[PDB]
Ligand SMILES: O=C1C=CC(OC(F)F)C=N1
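What follows is a single chain, given as structure tokens, in the form solved without the ligand.
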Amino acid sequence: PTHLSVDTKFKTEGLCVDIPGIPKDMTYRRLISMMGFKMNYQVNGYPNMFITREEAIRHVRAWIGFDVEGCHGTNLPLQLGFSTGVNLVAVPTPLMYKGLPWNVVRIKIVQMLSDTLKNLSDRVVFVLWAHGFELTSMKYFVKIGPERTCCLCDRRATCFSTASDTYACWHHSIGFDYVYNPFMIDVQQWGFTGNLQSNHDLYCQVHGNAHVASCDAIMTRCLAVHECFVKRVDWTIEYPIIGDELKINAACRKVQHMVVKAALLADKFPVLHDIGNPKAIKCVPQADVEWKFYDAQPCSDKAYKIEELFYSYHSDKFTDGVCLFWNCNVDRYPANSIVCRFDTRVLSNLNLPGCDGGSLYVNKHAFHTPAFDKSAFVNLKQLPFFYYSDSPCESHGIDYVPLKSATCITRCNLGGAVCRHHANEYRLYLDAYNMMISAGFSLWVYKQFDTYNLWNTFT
């Protein structure tokens, strides 16, 4: 059951307004033929243009919502909309382009998909709410065949050029005019009652319906993300490394240890309440503090209400000592908190647009994160950058320029001059810090936090 069988049935009720008289009995095999494509009994890596819900989830980075609305179809101009916000008008002679023939439209399609996807995925998955015109328009910009490799590199081919008769990946397709071996999934096959807008609107208020094709394309991808990552969650699906995943995760571990260790030294809390990851390990193993864990899986729909996490009868007194919320998204943090909250607004190669203001953060696993809300942090302040170290000033073992910084909290800086070891360690920590912030993470701390209290931990 690796791929979707072409002999699987396709429900055609959603297609009968654009395609009147369409047979109720229909397979993927007959549908692909009707779309103007011939598979020719080919056992060459592309068994079906359509993929399963499971194959779509594994390739969520390739998702591009796609919708076609008739402006007037052979004789009528078509508005092609994409979840990138692009609308192209194809004549058969929220960006909006005037009517142009297919030979030029197809060039823009390849450019747009290559620019959006080259740093996300090795393919494209057209996410549909199929009504007919999107399927019958595919023959105008899509070519299919055996699985091929790029002419300039080892990646799989996603584009084709009729000018040079060659194939390219998303990185080497400039001047290419055809989308080659794309994938697609019709969301309507999943079993829904009512139209696209009524299902999308049940879960999302951030996307509206301006009655343009890109609005429907955006709503379609959003509904698919809601079904696959919000109501249904799967943390056993691994996703390939496409960027700074390892560095970001290593930086997050360094920053957490640094910030918690300093908070414990500066304010000497007798107890720490560690809320979140059921598999968490103490991030400051040598700390004196009474470490107490509370299990909460990552919330993928709405942020946790602090009243439900803490109340309904544990030290019971979460007001004692400090609360650590490391990527545990709550509606309103208590004043005695140390917090790391992912900022969904920072779109990235890792961070894909999500449902209802939220975002799909994909780093090893897929994590749909509720929309960032500045009001969650009203009892706290932004944590300032600082580097703290109690390790001995000793080199052991890249060159040197003397470091001068008021935020290098070390015995050597207290004593007047930062040693080479702490200067190297400071610069590496600052790099890790900037990496985490730029990846989208935001750090918040209790208002009384003051690094001035760390200088006296050198006595």
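Only residues modelled in both forms are compared. Here the rigid core means the biggest group of C-alpha atoms that line up within 1.5 Å when the two forms are laid on top of each other. Don't overthink the numbering: it's just position in the shown sequence, from 1.
Undergrad: Can you count the deposited residues that have no coordinates between residue 313 and residue 314 and report it as none, 1 to 3, 4 to 9, or 10 or more?
TA: Gap between residue 313 and residue 314: 1 to 3 unmodelled residues.
Undergrad: Look at the stretch from residue 382 to residue 383 and count the residues of the deposited sequence that the entry does not model, then pick none, 1 to 3, 4 to 9, or 10 or more.
TA: According to the record, the chain runs unbroken from residue 382 to residue 383.
Undergrad: Pick between 328-336 and 232-240: the one whose mean CA B-factor in the entry is higher.
TA: Here the higher of the two C-alpha B-factor means belongs to 232-240.
Undergrad: When the C-alpha temperature factors are averaged for each of 141-149 and 94-102, which stretch ends up with the higher value in the entry?
TA: The recorded data point to 94-102.
Undergrad: Could you check 217, 206, 110, 117 and tell me which one carries the biggest Cα B-factor in the deposited entry?
TA: Answer, based on the entry's C-alpha B-factors: 206.
Undergrad: Specify which of 260, 347, 125, 355 carries the largest Cα B factor in the deposited PDB entry.
TA: Result of the comparison over 260, 347, 125, 355: 347.
Undergrad: Determine, from the deposited record, the chain-internal third of the Cα B-factor for residue 421: lowest, middle or highest.
TA: As the PDB entry reports it, the C-alpha B-factor of residue 421 lands in the middle third of its chain.
Undergrad: Using the B-factors in the PDB entry, rank residue 211's C-alpha atom against the chain and give the third, lowest, middle or highest.
TA: According to the entry, residue 211 has a C-alpha B-factor in the chain's highest third.
Undergrad: Would you mind ranking residue 44 by its C-alpha B-factor against the rest of the chain and naming the third, lowest, middle or highest?
TA: It belongs to the highest third of the chain when residues are ordered by C-alpha B-factor.
Undergrad: Sorting the chain's CA B-factors, does residue 52 end up in the lowest, middle or highest third?
TA: Lowest third.
Undergrad: Against its chain's modelled residues, does residue 289's Cα B factor rank lowest, middle or highest third?
TA: Answer is highest: the recorded C-alpha B-factor places it there.
In what follows, reference is made to the form deposited with the ligand bound, a form of this protein that is not presented.
Undergrad: Using a 2.4 Å cut-off to backbone and C-beta atoms, with three or more ligand atoms needed to call it blocked: open or blocked for the ligand placed in the deposited bound form and overlaid on this form?
TA: With the ligand superposed from its pose in the deposited bound form, the site reads as blocked.
Undergrad: Heavy atom within 4.5 Å of the ligand in the deposited bound form: which of 32, 57, 51, 432 fits that? Just give me the one.
TA: The option sitting close enough to the partner is 32.
Undergrad: Should the three residues 192, 203 and 224 be counted as contacting the ligand in the deposited bound form, with contact defined as a heavy atom within 4.5 Å for each?
TA: Per the other structure, none of 192, 203 and 224 touch the ligand.
Undergrad: Applying a 4.5 Å heavy atom distance criterion, does residue 376 contact the ligand in the deposited bound form?
TA: No, no contact at 4.5 Å.
Undergrad: Residue 109 near the ligand in the deposited bound form, any heavy atom under 4.5 Å?
TA: Heavy-atom contact with the ligand at 4.5 Å: absent for residue 109.
Undergrad: Even though the ligand is not shown here, does residue 144 get within 4.5 Å of it in the deposited bound form, heavy atoms only?
TA: Result yes; residue 144 sits at the interface with the ligand in the deposited bound form.
Undergrad: Determine the residues of 1-24 with a heavy atom within 4.5 Å of the ligand in the deposited bound form and present them in sequence order; the list may be empty.
TA: The stretch 1-24, when checked against the ligand in the deposited bound form, contributes only 6 at the 4.5 Å heavy-atom cut-off.
Undergrad: Segments of at least 3 residues with every CA displaced 2 Å or more between the shown form and the other one, core-aligned, in sequence order?
TA: Moving region between the shown form and the other one: 42-44, nothing else.
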